[PDB]
Amino acid sequence: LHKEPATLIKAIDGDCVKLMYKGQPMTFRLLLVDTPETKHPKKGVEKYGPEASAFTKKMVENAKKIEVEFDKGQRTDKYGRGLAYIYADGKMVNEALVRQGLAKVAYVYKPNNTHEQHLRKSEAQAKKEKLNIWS
């Protein structure tokens, strides 16, 4: 896998960021994580939604550089969104949310699962530490 540069346009929710990639504005869906959402009447503004959203937001907005890392499988989902691991100053935002108990690891679709074990290890630790969602 390899990381490529991108530029923040706008943070949208815990699990989506809009980025300028290869000169095109694009919505990215954070791979392998489910964040409580601020979006969708089919739920609404769920519990920890604003928290997961502020975290991702802060993290990408305060970064010196953003990089995207596509996995081995399909790179977009049925809504036209990029499917990636997003890094802020070298830190993976998807792991960070999971490490803080602000996301659970999603149902996984091979072959897009290269960091699954890494993330499951962080989720186990957040649950042990009974953080946020695991409170």
Side-chain angles (χ1 to χ4, degrees):
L1 300 188
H2 97 277
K3 305 166 180 39
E4 306 162 65
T7 306
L8 182 67
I9 295 176
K10 161 144 85 109
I12 288 155
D13 222 359
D15 65 1
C16 284
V17 201
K18 209 192 245 66
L19 302 179
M20 197 67 65
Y21 170 78
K22 274 39 224 213
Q24 215 34 238
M26 223 181 116
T27 304
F28 282 77
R29 169 79 171 69
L30 290 191
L31 258 181
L32 299 186
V33 320
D34 288 324
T35 235
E37 297 163 282
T38 57
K39 258 91 172 146
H40 258 188
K42 226 276 240 182
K43 62 207 24 100
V45 165
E46 329 172 66
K47 175 102 175 124
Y48 286 115
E51 284 74 0
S53 193
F55 190 101
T56 295
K57 179 177 198 303
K58 237 200 225 173
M59 192 161 173
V60 296
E61 302 197 317
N62 293 323
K64 316 204 335 199
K65 20 200 127 88
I66 304 311
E67 295 163 300
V68 303
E69 182 180 60
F70 291 101
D71 210 331
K72 291 176 154 107
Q74 38 272 92
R75 308 216 178 336
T76 69
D77 66 9
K78 71 195 203 239
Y79 296 97
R81 301 181 300 193
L83 288 171
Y85 307 105
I86 298 297
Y87 289 81
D89 294 323
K91 277 207 78 213
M92 201 204 297
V93 176
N94 324 38
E95 189 270 334
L97 288 159
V98 170
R99 179 60 176 96
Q100 295 285 316
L102 285 171
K104 352 231 301 87
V105 178
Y107 321 131
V108 176
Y109 302 101
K110 289 211 75 136
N112 278 345
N113 62 345
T114 299
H115 300 318
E116 184 186 5
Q117 304 307 145
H118 186 28
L119 287 184
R120 270 178 200 297
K121 272 154 184 212
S122 300
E123 192 182 52
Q125 189 72 37
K127 310 165 97 122
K128 304 204 156 156
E129 297 177 4
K130 298 195 221 184
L131 293 178
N132 287 312
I133 264 182
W134 307 116
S135 267

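Note that the numbering runs from 1 along the sequence shown for the chain. Because only heavy atoms are used, hydrogens play no part in the values below, and waters and symmetry mates are left out as well, while side chains stay in.
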- Message: Measuring only between side-chain heavy atoms, which start at C-beta, is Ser135 closer than 4.5 Å to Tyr48?
- Response: yes
- Are any non-hydrogen side-chain atoms of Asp13 and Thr35 less than 4.5 angstrom apart? no
- Note on the structure: Distance col, row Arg29:CZ vs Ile12:CD1, nearest 0.5 angstrom, shows 11.5 Å
- Query: How long is the span from the NZ atom in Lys22 to the CD atom in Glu4, to the nearest 0.5 Å?
  - Reply: 3.5 Å
- Please state whether the rings of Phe70 and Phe28 are parallel, tilted or perpendicular, taking 30° and 60° as the class boundaries. tilted
- Item | Side chain to side chain, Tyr109 and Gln74, heavy atoms closer than 4.5 Å | no
- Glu67 side, atom CD; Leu19 side, atom CG - distance, nearest 0.5 Å: 11.5 Å
- Is it true that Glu129 and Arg99 have a side-chain N and a carboxylate O under 4.0 angstrom from each other? yes
- Task: Check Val33 against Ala103 and note the closest heavy-atom contact, atom names and distance.
- Result: CB-CB, 4.2 Å
- Message: Looking at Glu37, is its backbone amide N or carbonyl O close enough to the side chain of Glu46 to form a donor-acceptor pair, meaning the two atoms are under 3.5 Å apart?
- Response: yes
- Task: Could you tell me whether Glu61 and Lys57 make a salt bridge, using a distance below 4.0 angstrom between a side-chain N and a carboxylate O?
- Result: yes
- Query: What is the distance from atom NZ of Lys43 to atom NZ of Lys39, rounded to the nearest 0.5 Å?
  - Reply: 13.0 Å
Under 3.5 Å, side-chain donor or acceptor atoms of residues 83-93 against the rest of the protein: list the pairs with distances, not counting sequence neighbours.
unit_1 : atom_1 : unit_2 : atom_2 : d
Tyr85  : OH     : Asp71  : OD2    : 2.6
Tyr85  : OH     : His115 : N      : 3.3
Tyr87  : OH     : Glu69  : OE1    : 2.5
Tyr87  : OH     : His115 : NE2    : 3.4
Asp89  : OD1    : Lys64  : N      : 2.9
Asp89  : OD1    : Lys65  : N      : 2.9
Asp89  : OD2    : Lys64  : N      : 2.9

- Message: Give me the atom names and distance for the closest heavy-atom approach of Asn132 to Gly101.
- Response: CB-O, 3.0 Å
- Considering all heavy atoms, the nearest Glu95-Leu119 contact: CA-CD2, 3.3 Å
- Between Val68 and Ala6 the two heavy atoms that sit nearest each other are CG1-CB, 3.9 Å
- Message: Through direct or indirect side-chain contacts below 4.5 angstrom among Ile, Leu, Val, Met, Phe, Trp and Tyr, which residues connect to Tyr107?
- Response: none
- Message: Test of understanding: clusters of I, L, V, M, F, W, Y form through side-chain heavy atoms closer than 4.5 Å, transitively. Do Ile66 and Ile9 belong to the same one?
- Response: no
- Query: For the hydrophobic clusters of this structure (ILVMFWY residues joined by side-chain heavy atoms under 4.5 Å, transitively), does one cluster hold both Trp134 and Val98?
  - Reply: yes
- Message: To the nearest 0.5 Å, what is the distance between CD on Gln125 and CG on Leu131?
- Response: 8.5 Å
- Evaluation steps, side-chain contact (heavy atoms from CB on, under 4.5 Å), between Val108 and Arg120: CA-CA 11 Å; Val108 176; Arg120 270 178 200 297; 3.9 Å; yes
- Note on the structure: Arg81 and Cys16 have their tightest heavy-atom pair at NH1-SG, 3.8 Å
- Worked verdict on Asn94 versus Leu31 for side-chain contact (heavy atoms from CB on, under 4.5 Å): CA-CA 7 Å; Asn94 324 38; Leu31 258 181; 4.0 Å; yes
- Gap separating the CG atom of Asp15 from the CG atom of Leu102, nearest 0.5 angstrom: 12.0 Å
- Task: Count the heavy atoms of every other residue, nucleotide or ligand shown that sit under 6.0 Å from NZ of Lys127, and state whether that count exceeds 12.
- Result: yes
